[PDB]
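Q: 3D, please:
(2 chains)
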Amino acid sequence: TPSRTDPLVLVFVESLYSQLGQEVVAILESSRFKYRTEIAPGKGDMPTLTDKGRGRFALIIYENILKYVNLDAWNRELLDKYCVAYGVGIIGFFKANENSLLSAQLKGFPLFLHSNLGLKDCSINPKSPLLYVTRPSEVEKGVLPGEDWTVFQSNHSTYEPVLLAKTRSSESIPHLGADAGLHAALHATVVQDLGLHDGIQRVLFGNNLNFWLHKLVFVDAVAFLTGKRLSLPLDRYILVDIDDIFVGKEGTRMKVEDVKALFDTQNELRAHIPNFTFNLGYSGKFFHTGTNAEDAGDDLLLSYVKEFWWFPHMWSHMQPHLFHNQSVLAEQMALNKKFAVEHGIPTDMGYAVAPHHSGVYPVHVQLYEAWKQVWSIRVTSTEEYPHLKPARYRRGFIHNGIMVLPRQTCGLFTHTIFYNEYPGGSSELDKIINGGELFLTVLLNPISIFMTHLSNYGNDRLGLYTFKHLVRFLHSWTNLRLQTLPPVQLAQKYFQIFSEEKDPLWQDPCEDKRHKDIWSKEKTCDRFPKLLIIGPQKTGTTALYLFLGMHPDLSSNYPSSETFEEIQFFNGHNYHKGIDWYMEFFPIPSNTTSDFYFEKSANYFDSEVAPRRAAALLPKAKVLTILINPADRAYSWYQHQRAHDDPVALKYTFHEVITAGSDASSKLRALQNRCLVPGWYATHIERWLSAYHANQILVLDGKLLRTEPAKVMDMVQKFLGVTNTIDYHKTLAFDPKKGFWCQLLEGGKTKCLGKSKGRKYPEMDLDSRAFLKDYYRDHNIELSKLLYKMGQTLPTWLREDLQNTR
Amino acid sequence: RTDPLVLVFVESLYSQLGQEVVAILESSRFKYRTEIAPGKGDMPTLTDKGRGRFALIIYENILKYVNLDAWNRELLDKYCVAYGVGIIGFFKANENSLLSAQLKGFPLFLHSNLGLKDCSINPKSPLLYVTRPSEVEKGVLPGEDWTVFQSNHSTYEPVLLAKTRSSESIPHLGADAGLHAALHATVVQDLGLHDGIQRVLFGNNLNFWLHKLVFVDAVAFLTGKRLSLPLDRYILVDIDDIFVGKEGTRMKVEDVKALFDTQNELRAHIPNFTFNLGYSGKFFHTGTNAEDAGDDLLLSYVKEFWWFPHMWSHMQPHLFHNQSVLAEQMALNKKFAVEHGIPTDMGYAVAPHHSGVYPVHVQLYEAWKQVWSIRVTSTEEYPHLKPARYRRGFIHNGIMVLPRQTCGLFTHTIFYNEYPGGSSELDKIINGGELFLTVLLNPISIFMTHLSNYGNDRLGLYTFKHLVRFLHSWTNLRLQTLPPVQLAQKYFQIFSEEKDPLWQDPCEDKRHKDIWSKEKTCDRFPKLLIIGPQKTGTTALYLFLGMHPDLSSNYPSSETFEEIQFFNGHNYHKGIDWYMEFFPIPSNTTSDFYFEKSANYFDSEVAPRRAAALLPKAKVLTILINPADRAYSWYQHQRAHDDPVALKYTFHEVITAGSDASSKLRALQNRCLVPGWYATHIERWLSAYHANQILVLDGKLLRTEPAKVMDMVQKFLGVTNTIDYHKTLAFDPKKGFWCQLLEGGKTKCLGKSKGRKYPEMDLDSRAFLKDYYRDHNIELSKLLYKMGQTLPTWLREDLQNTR
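A: Residues are numbered from 1 along each chain as shown, chains lettered A, B, ... in the order given. And now the structure:
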């Protein structure tokens, strides 16, 4: 049976910032394993592990292993009972403590910890079950960084050594017993607890994650203890892009000898990773820059050509975003395509690259259109977002059907030609390879597209050095099946493994200062409305939206007409078309100031998607919901559909719609769902409250909005921080025709809320009112708890209902 | 062990039974926590450090106790066994529920939806230990609903036994039951030896009045009397309106004899019964020859009977501004009292109909001390009209104010009789009603009656004679009479809280607020409190806020201190009205946005609760800087002061020093270290107020650009327009700090005390304070993030570098 505990990882950190806590989190985020961080005091209790029937975390990780061992007797017995009952394993790290004695028996453990050791010459012991998967690896010779290290000693089946190292001193650990041999034994720096007795399996790391081999063994520990409910594939896809072909300063371009060395090294790599190809990024304009030795390089590249893969930059090699006009981008692409055909450099590849490694950001719709039109490229790639790093942080997204992949750095950068400039000298190259960012990128990302340059190539041949040494190091210490995918199938595989990648969320370019600077100035995050009026619909959401709009500072957004009266941009085409199409709608905000913009969609509340999607792009935004008795709101929706005179609302009475069960036809069930689901007000507000700050969220009494709208409008202006408040008692009037309050216009004219909503209806049936009162009883009880916990006011009708039992 | 705290699982707080359960727990005044029992939901962690959160657990609905997930059920049962936490459970009759069902996990069968009659207490149970054994409660128990319990076990002992309404026994009688119906158990005790936890199960809902009585006894029994409510009850009977009333009001000869005879019968019940006679001179001798003979007999009482004045004037202090006119009316009534020879010593009076009690006028309290020297007074209205239980006496101006109780006659209405609620409503408050509950739950009861009342149905005499008889039949409490002044001293000895005056706005009473003029405004009370801690730059923020013309500062008492220190100071004790006079009175047309700044308020425990009671709306603002630089700035402030301790020792010598340090050295240590606390103090404000209510400023930013901090403050206050403080502030290099820019480019800097430039604290003291504040700065970062306020720049820097 499936583990009761979820694939979720519980990570006990000393603090988030703290170096080991951040390294643990960075591995979980890269793996895109789901996790929850808690700060674990030793004293502090463990969070309620279970959620009914299931353990929260299949796996538990203690950054500070002393926080796990030092527990109160009650919380310790509770956690141990959970670990045995659910089979949750524990990963623990030890840090040497100055205060702590060097040698100590671990709490609860027979195990002995010997701390503050220099170590050297680390080896993997095949014996321990932990990393069979990793090949027995070469001995990592030389000095392991850090005095700090802890080694583990115990004799039992319980404890199997995984990593074994020597002390720096030739002499063994001092005051060794007779039993210990003259020669020092290799000391265990990582141990696996079978944990049969405990009932839980553990993996204990002597030293910090920072030491690069601990990051490798930590990935294996998470995989083992989880039960590998989800595992990271052995399989790794590598693409190497050589940007700036026919581009660069003289000498950057490969000479005849450099082009031969590129071809020969491709053939050496291929053995490692099969069907190794090189993907050559070219700019025409730059091309034939070269002199006679560089032009002989260009000739050898084309003699290569059929083998090698090819993609365009711009002849201009300008970033496409800059070029707002799509025809100018398409013309630059068509020139580079003509050169490729003349060359014979394969059109077939149907690959293209953002020029200047840019234009991908901020996402330019004209670039995506021009790429389909001229090159038909399904796939592209970008470093840029959200930033350069985390590498892990960025994930591929799909937009307009084009699959966008995350680009990775060697650590060589365009800006700095020279390795030397790169701080930290030769040891910094070794550090990125062992436990470095480039090593971690291959360890954690199933797919890695490495950016290099031709210009880089004419040089040290640092590109050849880097990849030849990386592949050798990976083969010595880990077993990965290295593959290359043709970029289009690789992208399809990427967005199959990550669903989320498939459906991207994209930040406005503004947020990153450099993305905002590429992006046109006018577009702003601010431009999208600060405030979202989420519903539920038939709140009388259109009346609130109309009355809010009035305040001059406060400006409403221009609804998509097509989608509906309600803007419905999120659900509607507008998102799909893109954020940029919606912003274009918006006029550039006034120069003097930008207006406090707001929108109102029913759809936002109704959709699950809309709350999470809105909170990701504008977490800033104030969120506003309006709750009235859910029966009167259901009846007002039924009377709205009848006004619509849609066939279902004409056919079925409100009582026949709600009563109808599964029997009801799909249209009757859709009407039932629109009556009842939005009824759910507590369930829907809880989703918004899980995303949005309490201050961020305002829950209005919709009874009060109907009976005195001006009191509700004063609460809304305060909640928005609108610059000016409005006395809505002076600007609103009761329209007897409507039977509701409306905006007062000069001349005493009234601008009522939309007729369709709140359309005049017959009295609600008493039997339908009684039926809906009983149907909503438990929903109204949970709404009262939620609003009290918010501190938000409960609806006046809900307080009255919950005071009298009747 | 387990704390006295009670965990109460309600279906809902709101619901009627949930509120009745809570009202009994509150009247008992035992500490409790209400949770809505989730069927699904887990219980909150019961235990803390090895102690149980609640010694006792109560399930309003027993289905909330039985429905658990297997994990949370096993957790709760393990807690109950390990700590001996008892469980009280009630059944609710349910249509859905079967008429007969076995309770889950226990043998005890439930038979539901029964009429019942003729309830008795099983002889084992006292039931109330104190009380004499109760007679069979004859007649019909209300409600179909009832559940009876059946089981064979040592575990289950019957406490209450009743009969079915029908002669025939309840259908599906068990084998155990005989052909004749057994007396069926409506309340059972589970010894819970086997279970490990003792339980008490009540068949029917709390609402039925006898369940409230048995519930008080259940709490007393199961506790182990860890918490108990005193046996002892103090009763005073005030007869208002002596020699007052319309003709015919004055008592008849035979009614006055019956009053005297009944006083002598009551005395037997409780010794040294006294009646306390409230008189108006002016009205006196209204009566004709038979009423004047009543007035004569009243005065023949006089020595025996206790006496108190109602004003001859019956003026309300609101009406006359002048205190001298009130004091003269009081002096005339005092002269009449002496001529009677009515004892001075009691020195007790009450306002007629609590007239002019409120709104509190300072002149009334002054005149009362001056003319009548009354330690004690009483009022019905307060603290709140209801619940009566809610009402607690308070102390103000040294006078002890006691809660008055109704028999149910209402002064407020001209006639209670005339106005509906009827004769049956008086009988209902006496039987298990509000008047009975008032004596049951309130350790001290002052009952208001009237001489005029007597002339009447003599419903007052009926009500109290029947109430006392009913209390004596069914309960035992030790009834006592305490003279009102000693009774008040005893009251405020038993609760400190009452003694500590409760400060409330007039706002609560709409009619009292209306008496008060419009001019008094919210604005006049400082909307904004800058709580500290001090030397954050709270005085700079206060000065720059005041600077905005819309925003007006209060005027610090010269004498009191630079800071108002209202709350801390005595003046707070002096009163809210003295403070409202103090800040300028807002124009009638418009009221200014007033603010004050006291260092104390943030630091003090007292200040959070005191500010939240009076504001309560008011905005609260605190300023946090690196707590080490704030401690060093306080040390350098005391040196400037040249306080002898701060001059003698360096900051490191002050903090290292232990008990060796003298009281002055420890006071300087505390002023350096405590305010460092910022997360601990902000958590108390965050437990009371909305995020909007509270603003936490980055004090490093206020020092380095004050104008950025002033923009955040104006936004937080909701000032209509912000003002650019980058144009009105300037950095004064001499000061080393930002100051107000004046025309001419002159700077108006912070006072001498702060803003002094001194050479930085020593590296060893900085390292020591960094390590000392590490865990405080970590908790501050959590709290500010949860607030949603950003952590200070200095706090982010401090928390990133572990070293």
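Q: Next to chain B, which bits of chain A? Give me the list.
A: Chain A has residues A:15, A:17-19, A:45, A:48, A:50, A:52-53, A:72-74, A:78, A:693-696, A:718, A:721, A:723-724, A:781, A:784-785, A:791, A:799, A:802-805 near chain B, with proximity defined as CB under 8 Å from any CB of the partner chain. For the C-beta atoms, the positions are set from N, CA and C on the backbone; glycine is no exception.
Q: Could you chop chain A up by domain?
A: Here the domain parsing of chain A from automatic domain parsing is A:9-226, A:235-502, A:526-725+A:777-803.
Q: Okay, helices next: where are they in the stretch 551-700 of chain A?
A: A:573-577, A:579-585, A:603-606, A:609-617, A:630-644, A:647-651, A:654-659, A:666-676, A:681-689 (DSSP state H, counting those that start in this stretch).
Q: Format these as TSV; extra columns: mean neighbour count.
A: Shown next, in TSV, are the helices of the stretch 551-700 of chain A (neighbours: other CB atoms under 10 Å in any protein chain shown):
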stretch	mean neighbour count
helix A:573-577	15
helix A:579-585	18
helix A:603-606	25
helix A:609-617	19
helix A:630-644	22
helix A:647-651	15
helix A:654-659	21
helix A:666-676	17
helix A:681-689	21
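Q: how about the strands of the stretch 201-350 of chain A, start to end?
A: In the stretch 201-350 of chain A, the strands defined using DSSP state E, counting those that start in this stretch lie at A:202-205, A:235-245, A:279-282, A:309-312.
Q: mind putting the ones you listed in CSV, mean neighbour count included?
A: Formatted as CSV, those follow (neighbours: other CB under 10 Å):
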stretch, mean neighbour count
strand A:202-205, 26
strand A:235-245, 23
strand A:279-282, 25
strand A:309-312, 26
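Q: By proximity to chain B, which residue of the stretch 51-200 of chain A wins?
A: residue A:52 (4.2 Å; CB to the nearest CB).
Q: just chain A next, same as before
A: Closest point on chain A to chain B, by CB to the nearest CB, is residue A:802, at 3.8 Å.
Q: what about that residue, neighbour count?
A: Residues within reach of residue A:802, counting by other CB atoms under 10 Å in any protein chain shown, total 21.
Q: shouldn't it be in contact with residue B:11?
A: No: contact criterion CB atoms under 8 Å: residue A:802 and residue B:11 do not qualify, at 10.7 Å.
Q: circling back to that earlier point, which members of the residues of chain A next to chain B occur in helices, if any?
A: Secondary structure assignment by DSSP state H places A:19, A:73, A:74, A:78, A:718, A:781, A:784, A:785, A:799, A:802, A:803 of the residues of chain A next to chain B in helices.
Q: if I pick residue A:602, what's in contact with it?
A: Residue A:602 makes contact with A:535, A:536, A:537, A:538, A:539, A:541, A:566, A:568 under the criterion CB atoms under 8 Å, 6 or more residues apart in numbering or on different chains.
Q: Dump the residues you listed into a markdown table; add neighbour count and secondary structure as well.
A: Below are those laid out as a markdown table (neighbours: other CB atoms under 10 Å in any protein chain shown; DSSP: H, G, I helix; E, B strand; the rest coil):
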| residue | neighbour count | secondary structure |
| --- | --- | --- |
| A:535 | 27 | strand |
| A:536 | 26 | coil |
| A:537 | 24 | coil |
| A:538 | 27 | coil |
| A:539 | 29 | coil |
| A:541 | 27 | helix |
| A:566 | 22 | coil |
| A:568 | 23 | coil |
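Q: before we move on, back to that, which ones are touching the residue of the stretch 51-200 of chain A closest to chain B?
A: So residue A:52 contacts B:40, B:42, B:69, B:71, B:72 (CB under 8 Å, 6+ apart).
Q: go with 7 Å
A: B:40, B:69 (CB atoms under 7 Å, 6 or more residues apart in numbering or on different chains).
Q: Residue A:227 now?
A: By CB under 7 Å, 6+ apart, residue A:227 lies in contact with A:3, A:58.
Q: backbone phi and psi for it, please?
A: Residue A:227 has phi and psi values of phi 90, psi 10 when expressed as degrees, to the nearest 10.
Q: Same check on residue A:188?
A: When read as degrees, to the nearest 10, the backbone of residue A:188 gives phi -80, psi 120.
Q: ok, residue A:392 touching residue A:444?
A: Yes: with contact defined as CB atoms under 7 Å, residue A:392 reaches residue A:444; the gap is 6.0 Å.
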